[PDB]
Amino acid sequence: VXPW
Amino acid sequence: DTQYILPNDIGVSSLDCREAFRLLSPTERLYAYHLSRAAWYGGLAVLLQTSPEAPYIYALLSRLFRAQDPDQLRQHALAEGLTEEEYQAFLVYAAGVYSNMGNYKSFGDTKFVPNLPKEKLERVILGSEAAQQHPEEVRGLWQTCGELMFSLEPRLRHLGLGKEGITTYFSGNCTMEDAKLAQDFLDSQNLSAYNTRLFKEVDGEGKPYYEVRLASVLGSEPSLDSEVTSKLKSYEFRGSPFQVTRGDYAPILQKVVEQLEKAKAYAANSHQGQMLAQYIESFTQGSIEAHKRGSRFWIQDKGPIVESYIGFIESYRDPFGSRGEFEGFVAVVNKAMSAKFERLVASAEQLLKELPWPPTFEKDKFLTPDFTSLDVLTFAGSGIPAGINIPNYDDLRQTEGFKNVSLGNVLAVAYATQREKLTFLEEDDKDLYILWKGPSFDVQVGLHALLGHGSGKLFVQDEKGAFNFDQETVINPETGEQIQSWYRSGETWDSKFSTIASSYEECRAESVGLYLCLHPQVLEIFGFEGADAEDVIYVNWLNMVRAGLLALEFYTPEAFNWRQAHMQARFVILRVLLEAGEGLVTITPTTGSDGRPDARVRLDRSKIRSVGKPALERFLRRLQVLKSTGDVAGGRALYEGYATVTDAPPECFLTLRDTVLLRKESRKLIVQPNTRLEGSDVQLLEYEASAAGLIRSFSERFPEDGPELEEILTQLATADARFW
Ligand SMILES: [K+]
Ligand SMILES: [Mg+2]
Ligand SMILES: [Zn+2]
């Protein structure tokens, strides 16, 4: 799993 | 309107990684070169996983820009009557298509079209140099993809199952019912959806036949024996015919495995070599199991200088939530920035104990997980994240361990903001925001990756009832009773929690981040003692509530659907903190300095611990209990209840959404470098931080076989054309  | 176009002054940042590359040894450089080539090759498949016209648009753009670079093409376009702003809009559009590997935003799942008249762009394309060199190919590509490149018909605006959306993970005639039946079949067959797509056709009667196509180099022909070759047959499932095939994106993955084999020669240790062999197996046969074994060997490779991962990893853009989009990154460790995260790992096992659920709902043994800060050289696919927790195989995450990764040169590209663009904050808040955003983000990302995704025990039952926990002694804190819900064989987190799984897990991880950020030991791990940890905490929470407001841009009210997992998660956290009342967070609509509707977010620093922490603790316990029991019913109840967007007073979120859109800022595109092999050495090629720079980065990206990749994509597109 993992914004700006 | 502007919702479905990229603005001509969209920010473009260049990935900064000359120093990390210059650190690398010659062997490490050739290793990263071949891995980057494999990743770039595989990222082309995202085009096929995005929209039916995306491969054609890519082929057309890359042909156009091979014939003429942006500056050559400008002269033609302006001689053909375009304006500089229209040509700039075309450049921005091409750069968007390149940066997303498709004509839909990877962050938002919305289509974007070129911001200029279609007839003028036709004048440009048909008069171009590539058109004069290949009239048949260019004219065919244009007639095939042009109006779809521009059409904003309402069913084309968003990615999604059914008729009101667009997806190529399924055929056009597929609905959520078809995806649910496919997922039940896949669970019954212990075949993971990650590297699969689903196509539905009908016979003369109208009876639906289902094809579950696996992504593989090899097709449906006799190859060396695998667990995959037995599965290539027809089945009947609840009266429906299913056909498991493979050979999807076959020549693309062929290039990928070529480059992976070449990288295998320059591997540092046997862990990397075996993980690469297993990746080759996974991509050639179609085995998610081979990818699992490669990921196991990869977890075993601790602290390498060139970190990497590749495959059909994340399941964000599958409208059902189980199939994986292709990605692949190559990065260099940054030991100085990784120091703080290894520090966070040092006290991580003892940090988990503070989480608001009993150790019976926590992983059995804490495995010392690798956590590095990385500098990216390549991140192929549709988007570059800030950090990753991988692998997503929860069995591996519970037995062997996992890796946490913080992309440093991506965090740095995203750190910069201007005062004007910081919307919905009062001037007193903006200064603390500017001063503390970066360090607060280090904190939040560390907590999100290590203690968020890295925490949680899923209760799995065997086929012989062998619970991985103690059914007799483990008690459910929300009911006081023993455990009654759990996962079975073949059932995974994505499998049971389909459309909300990504957003739900993300919400849990970032609630963990917000919660454990009050812990002063954590704040001193990042070197923030009480003199400044105060402000880093307040900034983390203010950023969270502001993100919860801003998330309304990523909500389709007509479909009652959330288009982005993290933003839905942050809206959920905002509604949760609004729920406790007591004047903690307050969204108040105002009128802006420019005379347009604005809003203001007020967050009280004092009530963060007295009001915010109890609500977050309650919420985290609910989330974790429902996740560990796999209670899809109650989990959906909770999450889809908080994620509900309503115009109810006082918040009036639906009216706020118009303000959030009317003051939205487009996410910047990121230019990535290329690597070249001068026979002996490896050199790094950087590019201007512009639309033309990104275009050039993709024109020089495939020097050996670019025109062949264009035709591979065109062929794979035309073959499946009947599905949409
Ligand atoms: K998912
Ligand atoms: Mg659809
Ligand atoms: Zn995450």
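Residues numbered from 1 in each chain as written, not as in the entry; some residues may be left out. Chains lettered and ligands numbered in written order. Heavy atoms only, no water. Residues with missing side-chain atoms left out of burial classes, pairs and counts.

In the annotation of the PDB entry, chain B is listed under the name Dipeptidyl peptidase 3 and assigned to Homo sapiens. Chain B has a UniProt comment under Catalytic activity that states "Release of an N-terminal dipeptide from a peptide comprising four or more residues, with broad specificity. Also acts on dipeptidyl 2-naphthylamides." The Subcellular location field of the UniProt record for chain B holds the comment "Cytoplasm, Cytosol". (UniProt positions renumbered as here; feature names shortened; annotations may be inferred.)

1. Overview of the overall build of chain B
A count of helical and extended segments in chain B gives 29 helices and 17 strands. Against the globule reference of 27 Å for 724 residues, chain B gives a C-alpha radius of gyration of 25 Å, in line with a compact fold. In terms of principal-axis extent, the alpha carbons of chain B reach across some 70 × 65 × 60 Å. Classification of the 724 residues of chain B by burial places 62% in the buried group. (Helix = DSSP H or I, 4+ residues; strand = E, 2+ residues; numbered from the N terminus. Rg over C-alpha atoms; globule rule 2.2 N^0.38 Å. Buried < 20%, exposed > 50% of the residue type's maximum accessible area, 1.4 Å probe, protein only.)

2. Some remarks on the coordination of the potassium ion (ligand 1)
When a metal carries six donors in an octahedron, the ideal angles between them are 90 or 180 degrees, while four donors in a tetrahedron ideally lie at 109.5 degrees. Residue and element names in this part refer to chain B. The protein atoms that coordinate the potassium ion (ligand 1) are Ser315 (O), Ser315 (OG), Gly321 (O), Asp494 (OD) and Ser502 (OG), at distances of 2.6 to 2.8 Å. Under the relative-accessibility criterion, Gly321 is labelled buried at 5%. For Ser502, a relative accessible area of 12% corresponds to the buried category. (Donors = N, O, S within 2.8 Å, 3.2 Å for Na, K, Ca; no water.)

3. A look at the coordination of the zinc ion (ligand 3)
All names here are of chain B. In the first shell of the zinc ion (ligand 3), the protein supplies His448 (NE2), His453 (NE2) and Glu506 (OE), at 2.0 Å from the metal. The sequence pattern describing where the donors of the zinc ion (ligand 3) fall on their chain is H-x4-H-x52-E. Placement of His448 in helix 19 (residues 427-453) and of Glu506 in helix 21 (residues 501-516) is noted, with a sequence separation of 58 residues between them. Judged by its relative accessible area of 0%, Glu506 is buried.

4. Side note on the domain arrangement of chain B
Residues and elements named next belong to chain B. On domain assignment, one finds that chain B holds domain 1 (2-13 + 41-162 + 687-723), domain 2 (176-250) and domain 3 (426-662). Inter-centroid distance (C-alpha atoms) of domain 1 to domain 2 is 32 Å. Inspection of the domain 1/domain 2 interface yields 3 salt bridges. Here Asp720 makes a salt bridge to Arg197, at a shortest N to O gap of 3.5 Å. Counted by class, the side of domain 1 that touches domain 2 contains 5 nonpolar, 1 polar and 2 charged residues. (Domains from an automatic or database assignment. Salt bridge = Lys/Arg side-chain N within 4 Å of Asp/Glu carboxyl O. Nonpolar A, V, L, I, M, F, W, Y, C, P; charged D, E, K, R; others polar.)

5. Notes on the pattern of salt bridges
Close approach of charged atoms allows side chains with opposite charge to pair. All names here are of chain B. Scanning the entire structure with this criterion turns up 42 salt bridges over all chains. Note that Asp184 is salt-bridged to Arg238, the shortest N-O span being 2.8 Å. In this pair, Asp184 is assigned in helix 10 (residues 176-189) and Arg238 in the loop between strand 4 (234-237) and strand 5 (240-248), connecting sequence segments 54 residues apart. The partner of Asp394 in a salt bridge is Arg397, and the shortest N-O contact between them spans 2.8 Å. With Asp394 and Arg397 both in helix 17 (residues 394-399), this residue pair falls 3 residues apart, about one helical turn. What you see here is one network of salt bridges that share partners, running through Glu426, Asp594, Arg596, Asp598, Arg600 and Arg663.

6. Digging into the packing of aromatic side chains
Enumeration over the complete set of coordinates arrives at 35 aromatic pairs over all chains. Ring centres 5.0 Å apart and planes at 90 degrees place the aromatic pair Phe312 of chain B and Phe326 of chain B in the edge-to-face group. Remark: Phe326 of chain B occurs in strand 7 (residues 325-333) and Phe312 of chain B occurs in strand 6 (residues 306-314); sequence separation between them is 14 residues. With respect to class, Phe312 of chain B is no different from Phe326 of chain B; both count as buried. Consider the rings of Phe571 of chain B and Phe653 of chain B, whose centres lie 5.0 Å apart with planes at 75 degrees: the pair is edge-to-face. Here the residue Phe571 of chain B occupies a position in helix 24 (residues 565-579), and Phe653 of chain B occupies one in helix 27 (residues 653-662), the gap between them amounting to 82 residues. Across the pair, exposure class does not vary: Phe571 of chain B and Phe653 of chain B are buried alike. Grouped by ring-pair contacts, the aromatic residues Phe185, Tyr210, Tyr235, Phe237 and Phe242 of chain B constitute a single cluster. In this arrangement the basic side chain of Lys627 of chain B is found over the ring face of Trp493 of chain B, its NZ or CZ atom lying 4.0 Å from the centre. The ring of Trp4 of chain A has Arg667 of chain B sitting right over it, with the charged end atom 3.6 Å from the ring centre. (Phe/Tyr/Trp six-rings, centres within 6.5 Å; stacked < 30°, edge-to-face > 60°. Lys NZ or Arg CZ within 6 Å of the ring centre and 35° of its normal.)

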